[PDB]
Structure formats: C-alpha cells, structure tokens
Amino acid sequence: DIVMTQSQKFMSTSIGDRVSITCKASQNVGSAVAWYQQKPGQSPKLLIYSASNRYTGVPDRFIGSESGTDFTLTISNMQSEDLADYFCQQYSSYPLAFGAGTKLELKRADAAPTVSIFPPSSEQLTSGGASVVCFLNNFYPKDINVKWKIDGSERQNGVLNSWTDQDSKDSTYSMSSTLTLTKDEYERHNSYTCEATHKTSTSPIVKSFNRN
Amino acid sequence: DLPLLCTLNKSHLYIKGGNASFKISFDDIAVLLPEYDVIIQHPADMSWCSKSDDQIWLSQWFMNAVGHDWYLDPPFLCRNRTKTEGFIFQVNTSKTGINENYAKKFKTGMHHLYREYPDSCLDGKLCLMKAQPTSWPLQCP
Amino acid sequence: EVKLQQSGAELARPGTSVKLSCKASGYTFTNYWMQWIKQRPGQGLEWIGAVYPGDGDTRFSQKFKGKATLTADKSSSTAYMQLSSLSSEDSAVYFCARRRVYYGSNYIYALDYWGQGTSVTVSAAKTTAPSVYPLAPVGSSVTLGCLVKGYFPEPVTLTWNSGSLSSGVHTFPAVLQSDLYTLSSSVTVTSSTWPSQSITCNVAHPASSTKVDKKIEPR
Ligand SMILES: *[C@@H]1O[C@H](CO)[C@@H](O[C@@H]2O[C@H](CO)[C@@H](O)[C@H](O)[C@H]2NC(C)=O)[C@H](O)[C@H]1NC(C)=O
Ligand SMILES: *[C@@H]1O[C@H](CO)[C@@H](O)[C@H](O)[C@H]1NC(C)=O
Ligand SMILES: [Cl-]
C-alpha cells in the first residue's frame with residue numbers, strides 16, 4: 001500500500017504569512033495527489049487535485065506543488081478564514097491513503113493559565129461521589145500538562161480531561177481536569193493538588209486544598 | 001485487415017479493429033493492480049479479459065505491434081470479464097526503476113506504431129497505459 | 001446539483017452492528033465508486049474502503065476487513081456501510097464521498113463531493129439524565145463552575161443565567177468515559193459581580209426531557 005507522510009500535526013501561523021504544508025509519498029504516485037481543507041464539524045473540501053490544480057472556486061493563494069515524491073501545499077498569504085485542518089491524499093491506486101493532517105493555528109503572545117480548583121459539591125457527596133475539578137483557563141501556547149497529586153502522591157486513575165479549541169477572539173486555549181473518586185476513597189486522603197506545567201513558568205502552577 | 005490508428009490534437013490516441021475500438025490513455029492512475037485483476041503472461045490469458053473475440057484480438061494485436069514479449073517482458077493486467085465496470089487492459093510504461101528497460105521498449109514500439117507518438121510518460125514518473133472501449137471519433141480517418 | 005445525503009446519528013451497544021446510508025442525487029450513480037472515510041474525535045481522516053454500484057465490487061483498507069461491509073442499491077442510488085461487532089474504537093464520524101470510475105485522463109479522480117458525516121457512538125448506557133453540580137470557590141476576579149455528570153446521550157445545552165452571562169465562559173466538550181458523559185463549564189466574573197448578583201448554571205438534556213438550574217452559592 002502507498003503511505004502519505006505529512007509534515008507537523010500542528011503549525012503556528014500569523015495572518016498574512018506564507019505557510020507551507022508538506023507531504024511525502026512512500027512510492028512514486030506521479031501527480032495523483034489531492035489536498036483537502038476541513039473546518040470543525042464540516043465535511044472536508046477538495047482544494048487541489050493532480051498535485052497543482054486548484055479545484056472550482058478555490059482562491060489563488062492556495063498553491064500546490066510537487067517534486068518527485070514530495071508534495072507541498074502553500075498558502076501564499078494566510079487569511080483569517082484559512083485557520084483549519086489540511087490533509088494530503090494519494091489517489092493513484094487503491095487503497096487510497098490520507099496524510100495524518102495539519103491544523104493551522106494562530107500565533108499570539110504567551111499567556112500563563114488561570115488555575116482554579118474546586119472540591120466536591122455537598123450534593124455530589126450526598127449521592128456518594130467525589131469529583132475534584134481543576135480549570136486551567138486562557139493560556140497560550142496550547143501545550144500543557146496537568147498532574148494530580150493526592151497527599152504528594154501522583155494520581156492517574158479517575159482523571160477526565162477536556163480541552164477547548166483555540167478561542168476565536170483572544171486566540172487562547174483552556175482545559176478542564178476532573179478527578180473522580182468514591183466519597184469513601186475521597187475521605188481516605190487529605191491534600192488534593194492539580195499542578196500545571198506550561199512554558200510560561202519554570203516551576204508548576206499549583207492549586208491545592210486540604211479535605212480536613 | 002490491418003487495424004486503423006488515429007491521433008487527435010497530437011495527444012489523444014485511438015485504435016479500431018473490426019467491431020472493437022479503443023482509446024489509449026497514459027497517466028498516473030493505476031486502475032488495475034495484480035492483487036485484484038487478471039495477470040497476463042501468455043496471449044491465451046486474455047480469454048479472461050472479455051467475452052468478445054474482437055476485443056481479445058485487438059488487444060493481442062496492439063501488444064504484438066509494440067513488440068511485447070509475452071513470456072520475458074513484465075506481465076500486464078486486464079479486468080476479469082465477470083466484472084461489470086468495463087473492458088480494460090493496463091500496461092506499466094513507467095520510465096523508472098526495474099520497469100525502465102521495458103518502458104523504453106514500449107516507447108520504441110509506440111513510435112513505430114503511431115506516425116507521431118506524443119510521448120507523455122515523463123522520466124522517473126509513474127505512467128500507466130490504459131486501453132478502454134470508445135466510439136470511433138468522428139474526426140478520425 | 002450533486003448531493004450526498006447521509007443518515008442521522010447512531011447510538012449502539014457494544015458488540016452490535018449499525019448500517020449507515022449515503023444517498024446520491026444529481027449524477028449517474030453507476031459512474032462512481034462510493035468511498036467511506038472515518039474520523040475519530042480530534043483525529044485525522046482514515047480511508048475505510050469503496051463500493052462500485054454496478055456489481056457491488058469492493059476495495060478495502062486492510063484494517064477494516066472484518067469490520068466494514070459495503071453495499072449499494074442502484075435503484076435507490078444509495079450506498080451502505082455496515083459496521084459490525086461495535087467497540088469504543090468505532091465511535092467516530094463517518095463520511096461518504098464519491099470518486100469517478102476511470103475513463104481516460106480528463107476527469108478528476110480526487111474526492112470532489114462528500115456527505116455531511118454520520119456520528120456513531122458506542123455505549124452500554126440507556127438514556128440517563130445528568131447530575132448537575134454547582135462549583136463554588138475553594139483576587140480581582142472569581143471563577144465559578146458547573147459539573148454535569150453521568151448522562152447519555154449527547155447533547156446537553158449548558159448556559160449561565162439563561163445565556164445572559166456569556167462573556168468569560170468556557171464550556172468544555174463532553175467526554176465519554178465508562179459509557180457516560182461528563183461536561184464542565186467555568187465562568188469568570190469581577191469580584192464586584194459575585195456573590196452580590198446571582199449566578200445559576202442551566203442544563204437541558206432533551207433526550208431525558210430534563211431541565212435543571214443550579215444556583216452557585218458561597219461554600
Ligand atoms: C475471473 O472471475 C471468476 C469469478 O467470477 C473466477 O472464477 C472463480 O474461480 C474460483 C477459483 O479461484 C472458483 O472456485 C469459482 O467457482 C469461480 N467462479 C466462477 C463464477 O466461475 C476466475 O478464476 C477469474 N479469472 C481469473 C483469471 O482470475
Ligand atoms: C460488437 O458486436 C456486438 C454484436 O455482435 C454488438 O452488440 C456490440 O455493441 C459491438 N461493439 C460495439 C462497441 O459496437
Ligand atoms: Cl487569494
């Protein structure tokens with residue numbers, strides 16, 4: 001089978017910049033390569049076919065090019081509406097193969113997360129459950145690591161994480177981390193901590209409470 | 001008796017022989033693959049390509065006319081006659097890797113077969129010849 | 001005009017099967033192979049296979065052999081994809097797209113038209129209403145939260161003060177874990193805003209026909 005090896009999964013860009021996304025075919029596929037654009041919750045749209053031909057209504061700024069088994073999608077001048085996922089594909093032969101995709105995101109100044117911790121609610125404890133919630137809000141860049149510590153011991157089981165997409169207005173990211181225990185397991189420990197590692201600080205941002 | 005050959009726009013190639021009439025295309029789409037289709041290593045293997053004696057005859061004539069060596073040259077492919085997608089045979093004419101020698105032999109055969117062979121197979125590029133039925137063009141002789 | 005219309009969202013128990021449909025309009029159905037593509041949450045596109053409606057011939061990605069069954073009905077211009085022995089890894093959005101039957105060099109052989117996608121969710125859960133928990137603080141600004149747990153299926157509509165408090169809100173995408181969903185939301189307001197003014201989390205789950213309000217009260 002022919003495999004398409006796409007460049008970087010995430011690319012930070014600025015509006016008006018020239019952006020290049022690359023894809024490498026495992027064998028020669030001639031020029032039988034397509035590029036697709038996809039926005040969240042929408043179907044992918046065909047941008048380029050035959051490596052360099054713009055599909056119907058595709059603007060001039062999308063430039064497809066080829067060199068042997070190396071294929072490139074260039075956005076000559078990135079517009080705000082171009083922030084999206086991009087996928088290369090070979091269609092020379094079955095099985096068709098897609099590149100892993102590249103998401104173009106917007107560059108902005110680094111921002112430390114605002115961290116807030118919440119012990120289980122009175123209502124949840126009444127029902128026998130115990131969730132500890134940590135929000136890590138409005139940070140930049142997107143890479144972040146949250147570690148839960150219970151009495152200085154790292155806890156991995158019972159952690160549920162969720163991340164927002166890049167905010168449309170301020171270009172930040174946010175994250176929610178929920179540690180769920182039984183009320184009995186929760187009452188067997190005192191100190192509950194969520195520690196966030198982000199490039200904005202050389203030491204983790206720590207939010208903590210003691211059950212007792 | 002001899003099949004009729006035609007070139008329109010110095011790029012679109014055709015061949016007619018009796019009731020059979022094909023368009024000859026060259027591009028990077030590998031429509032057939034040895035994993036799915038009929039491998040042709042002897043002229044008689046073409047009985048599996050079609051129910052039509054005329055389509056089999058014209059395909060064998062073309063391959064003989066370009067100098068194909070049924071036993072020593074790389075085998076080629078056709079779609080099994082039981083499939084309904086359509087008659088087709090495919091020859092690998094890629095001027096690259098292990099196929100280079102055969103691709104040069106094919107190119108020579110095509111230059112001898114067609115008056116002005118407009119060779120579209122680029123050096124080092126995947127290029128596959130697909131022969132498919134078509135109505136004989138109105139502008140052809 | 002060319003259109004590919006896919007069937008609605010699927011909810012299925014583990015080990016069962018679902019059959020997705022893609023109805024084609026505005027073109028000759030038999031001149032195209034219908035492609036199927038999978039997209040897992042936050043991941044890329046993965047080609048599954050294709051079906052030729054003329055005789056039902058198929059092409060598959062090696063991974064999906066034994067998982068997907070591809071058929072087509074020429075009379076109704078519909079292609080079908082049956083997904084068998086369903087597991088959590090099958091929860092995804094599935095797209096259909098068309099690709100022309102080869103007929104010379106002068107056609108586009110990329111996937112020019114696509115369906116809108118069909119969501120498949122694999123879970124052992126029955127329709128369950130959510131538990132909604134108000135999260136009061138443990139500066140210049142205060143952050144309040146709302147925790148929505150143990151529900152199925154998606155979606156829930158979460159708002160703050162009936163949607164009148166929209167700035168400084170982060171509603172996180174729901175996550176499926178152990179057959180049930182969890183969703184959370186935070187709201188950040190000035191220290192002058194809360195608790196002087198009331199702030200309530202509103203959660204609607206139409207599948208269970210439930211609407212719950214939880215006022216955030218100081219601990
Ligand atoms: C062309 O296709 C037919 C199927 O339509 C192939 O015939 C089958 O061959 C198997 C053995 O490999 C038999 O068990 C089946 O009974 C055959 N089916 C029918 C309908 O005849 C045939 O072999 C294919 N031709 C080539 C050259 O591969
Ligand atoms: C070949 O001849 C048969 C009748 O013998 C006819 O049905 C068929 O259409 C002919 N082929 C073409 C392309 O005309
Ligand atoms: Cl432009």
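The chains referred to below are lettered A, B, ... by the order of the sequence lines, with proteins before strands, and numbering in each begins at 1. Ligands are counted one by one from 1 in listed order, and the atoms in each one are counted from 1 as well. What you see below is based on every heavy atom in this structure, not just the backbone, and it leaves out hydrogens, waters and symmetry mates.
- Counted within 6.0 Å of NE2 on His112(B), heavy atoms from surrounding residues, nucleotides or ligands total 12 or fewer; the atom is thus considered open.
- Cation-pi geometry between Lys130(B) and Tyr102(C) is met: the NZ or CZ atom falls under 6.0 Å from the ring centre, inside 45° of the normal.
- The backbone N or O of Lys107(A) lies less than 3.5 Å from no partner atom in the side chain of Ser14(A), so there is not a single donor-acceptor pair.
- Shown here is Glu116(B), whose CD atom has more than 12 heavy atoms of other residues, nucleotides or ligands within 6.0 Å.
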Report every pair formed by an N or O atom of ligand 2 and a protein N or O atom separated by less than 3.5 Å, giving atom names and the distance to 0.1 Å.
from     : atom 1 : to       : atom 2 : distance (Å)
ligand 2 : 2 (O)  : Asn19(B) : OD1    : 3.2
ligand 2 : 2 (O)  : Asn19(B) : ND2    : 2.3
ligand 2 : 11 (N) : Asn19(B) : ND2    : 3.0

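- In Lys104(B), the NZ atom is not crowded: 12 or fewer heavy atoms of neighbouring residues, nucleotides or ligands sit closer than 6.0 Å.
- The local environment of CG in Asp53(B) is sparse, with at most 12 non-hydrogen atoms from other residues, nucleotides or ligands closer than 6.0 Å.
- Listed here is the closest heavy atom pair of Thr13(A) and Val19(A): CG2-CG2, 3.6 Å.
- The side chain to side chain contact (heavy atoms under 4.5 Å, CB included) test applied to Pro74(B) returns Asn99(B), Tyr102(B), not counting sequence neighbours.
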Donor-acceptor contacts, no H, no angles, side chain residues 40-56 of chain C, under 3.5 Å, sequence neighbours left out:
from     : atom 1 : to       : atom 2 : distance (Å)
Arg40(C) : NE     : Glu89(C) : OE2    : 3.2
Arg40(C) : NH1    : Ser88(C) : O      : 3.1
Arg40(C) : NH1    : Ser91(C) : O      : 2.7
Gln43(C) : OE1    : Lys9(A)  : NZ     : 3.4
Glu46(C) : OE1    : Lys63(C) : NZ     : 3.3
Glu46(C) : OE2    : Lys63(C) : NZ     : 3.0
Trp47(C) : NE1    : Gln35(C) : OE1    : 2.9
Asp55(C) : OD1    : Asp57(C) : N      : 3.0
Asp55(C) : OD2    : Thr84(B) : N      : 3.2

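- Near ligand 1, residues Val38(B), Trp48(B), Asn80(B), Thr82(B) come within 4.0 angstrom through at least one heavy atom.
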